[PDB]
Amino acid sequence: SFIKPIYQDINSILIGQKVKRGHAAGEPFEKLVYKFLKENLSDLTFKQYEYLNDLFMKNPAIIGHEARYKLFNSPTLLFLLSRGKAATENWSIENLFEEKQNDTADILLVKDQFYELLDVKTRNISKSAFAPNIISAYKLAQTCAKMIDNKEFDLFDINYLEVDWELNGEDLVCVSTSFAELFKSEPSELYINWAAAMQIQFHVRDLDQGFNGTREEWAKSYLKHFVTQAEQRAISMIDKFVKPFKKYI
Amino acid sequence: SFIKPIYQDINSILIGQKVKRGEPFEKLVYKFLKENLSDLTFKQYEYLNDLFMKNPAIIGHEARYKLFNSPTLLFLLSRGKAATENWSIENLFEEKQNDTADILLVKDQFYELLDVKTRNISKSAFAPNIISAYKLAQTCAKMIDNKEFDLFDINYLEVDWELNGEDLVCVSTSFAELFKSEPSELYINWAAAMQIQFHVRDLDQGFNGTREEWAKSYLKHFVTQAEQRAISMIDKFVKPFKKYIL
DNA sequence: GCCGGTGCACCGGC
DNA sequence: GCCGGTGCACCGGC
Ligand SMILES: [Ca+2]
Ligand SMILES: [Ca+2]
Ligand code: NA
């Protein structure tokens, strides 16, 4: 992690910060995070969309999607970070990618052909804990599937940054942060909430970090968990959404 | 319905309406209604606030809940046990992401729940989440259990807008009623928080049959659809990944 | 045309 | 403590 070694810097400058008072979060702190990481690690840090523009700017020779897709040099990273075929082809120097809500990552750090996908989960601390959607389980499955096919086991990490806040009035105030790597958690202990867009849910400060095996072992362990859980859900649908209503019909 | 009678008016006013750089067209819809039907028009939180101030004696959740005198409307409209419990005049209800409705219109003990759908028509059509299919099945169930078949309607107002400048402008609107649609035609997208999806303008409004019949039809449709999904998952999320784990 | 997966967190039952 | 359903709509493959 390019971040972990400065968690303390990060945490020191956030606690406070004070932002000013639908499907937006409630916290602009993510912006505050980026600003910092961009500030201090300026060579390594980008919004997902910014990284793609820069990727494309640096290769004007390459027009059209199939070719701009070869600019990733990685089926798995292609999968996580790229926009659709049409948008990529229409990519133009004077027509750049903007923020898409659907983008896999919030911030993204890259040094030496290795990627840290960083997702910030903000969280109102005054309220009753509700584990937020972390990332599609189904996306992660394909992601894992893709690592194994392409033996890309030493390419990227997907990490999370929890920033907690409350309302002293007028302004929101950050009161604490947490940082966790996903590929250091025990895969079989990941909560897949199917109904909630098939998302993994957890709080970052609650997240297991004692996986000891290899990345590859992680990916295979995750697929086993995923497949196990999909079978659970299917079975669980009958008693949950079928049995209780048959009386009426 | 309460707004259909003057829907044309609502439609002519909304077009041309501009909002600065489109979820807040919902506000305009609300302003217009409050101004044209002020005694009928409430935000969900507003209606609950108005009910509970009228009965300042009736404190606590159990007692407040009895205030609805309808197990169905209790279900679509109320807040949690602690929430109602800690309700105060100095601590009133506020907006809540997953409250059922955007706007409530009511008169003579009859309820029209109105969910406004904003749509960026600039961008290629993506059928929006309408309501939870599961919350709908429960609704139908209770509708049946307590024989509440003439109490409330769940209607939608599509508000189409585009990025016409430094801000957004409404270009058109549509108005459909859930209970007029064909139950077995409704698209349940299970992954998407199990949400029924559609474009108001695309919804059929021809259902021949009583409200009770609708509820039963939907329940047939839901139960059925659930079963299909059970199996769809093994093909989608189990078969395609078994290779990596043998 | 047809189809359905994803980002944002977020509440309340027992 | 455990657990999981709900609202916002919103793209891109073929
Ligand atoms: Ca985020
Ligand atoms: Ca709405
Ligand atoms: Na809705």
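Quick reminder, even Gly has a Cβ in these numbers, built from the backbone with ideal geometry, and neighbours come from all protein chains shown. Values quoted throughout were computed directly from the atomic coordinates according to the rules given, and no laboratory measurement underlies them.
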Q: Just give me the residues in segment B:105-116 being buried (at least 19 other Cβ atoms within 10 Å of the Cβ) and more than 12 Å from ligand 3 (Cβ to nearest atom), in sequence order.
A: B:105, B:111, B:112
(Q) For segment B:208-219: of the residues being away from chain A (no Cβ under 11 Å) and assigned to a helix (DSSP H, G or I), which is surrounded by the most Cβ atoms within 10 Å (Cβ to Cβ)? (A) B:214
(Q) Would you confirm, using the coordinates I've provided, whether residue B:176 is of a type in the set (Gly, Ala, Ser) and part of a helix (DSSP H, G or I)? (A) no
Q | Candidate set: segment B:220-246, residues that are under 22 Å from residue B:128 (Cβ atoms) and of a type in the set (A, V, I, L, M, F, W, C); chosen: the one nearest to the other protein chains (Cβ to nearest Cβ) | A | B:226
Q: Return only the number of the condition from (1) in a helix (DSSP H, G or I); (2) over 15 Å from the mean Cα position of the chain (by Cα) that residue A:77 does not satisfy.
A: (2)
Q: Tell me, please, whether a residue that is more than 16 Å from DNA strand D (Cβ to nearest atom), more than 25 Å from residue A:199 (Cα to Cα) and crowded, with 17+ Cβ neighbours inside 10 Å can be found in segment A:24-32.
A: yes
Q) Inside segment A:179-199, can you point out the residues that are within 14 Å of chain B (Cβ to nearest Cβ) and not in a loop (DSSP other than H, G, I, E, B)? A) A:187, A:188, A:192, A:193, A:196, A:199
(Q) Quick test for you: out of A:160, A:222, pick the one residue that is of a type outside the set (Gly, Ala, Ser) and part of a strand (DSSP E or B). (A) A:160
Q: Exactly one condition in (1) more than 13 Å from every other protein chain (Cβ to nearest Cβ); (2) within 16 Å of DNA strand D (Cβ to nearest atom) is not met by residue B:109; state its number.
A: (2)
Q. In segment A:117-150, how many residues are assigned to a loop (DSSP other than H, G, I, E, B), touching a strand residue (DSSP E or B) at 6+ places or on another chain (Cβ under 6 Å) and surrounded by fewer than 17 Cβ atoms within 10 Å (Cβ to Cβ)?
A. 2
Q: Return the residue satisfying two criteria in turn: it lies in segment A:24-55 and is within 11 Å of ligand 1 (Cβ to nearest atom) and touching a helix residue (DSSP H, G or I) at 6+ places or on another chain (Cβ under 8 Å), and of such residues it is nearest to the other protein chains (Cβ to nearest Cβ).
A: A:29
Q.
Among the numbered criteria (1) surrounded by 14 or more Cβ atoms within 10 Å (Cβ to Cβ); (2) more than 14 Å from chain A (Cβ to nearest Cβ); (3) out of contact with any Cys (no Cβ under 8 Å at 6 or more places or on another chain), which one does residue B:20 miss?
A. (1)
Q: Kindly indicate whether residue B:155 is within 14 Å of another protein chain (Cβ to nearest Cβ), within 30 Å of residue A:240 (Cβ to Cβ), within 16 Å of ligand 2 (Cβ to nearest atom) and not in a helix (DSSP H, G or I).
A: no
Q) In segment A:85-104, what residues are assigned to a loop (DSSP other than H, G, I, E, B) and loosely packed, with under 14 Cβ neighbours inside 10 Å? A) A:90, A:93, A:94, A:98, A:99, A:100, A:101, A:102
(Q) Return the pair list, or none, for Cβ contacts closer than 8 Å from residues in segment A:153-172 that are buried (at least 23 other Cβ atoms within 10 Å of the Cβ) to residues that are of a type in the set (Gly, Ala, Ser) and outside any strand (DSSP E or B), at least 6 apart or on different chains. (A) A:159/A:1
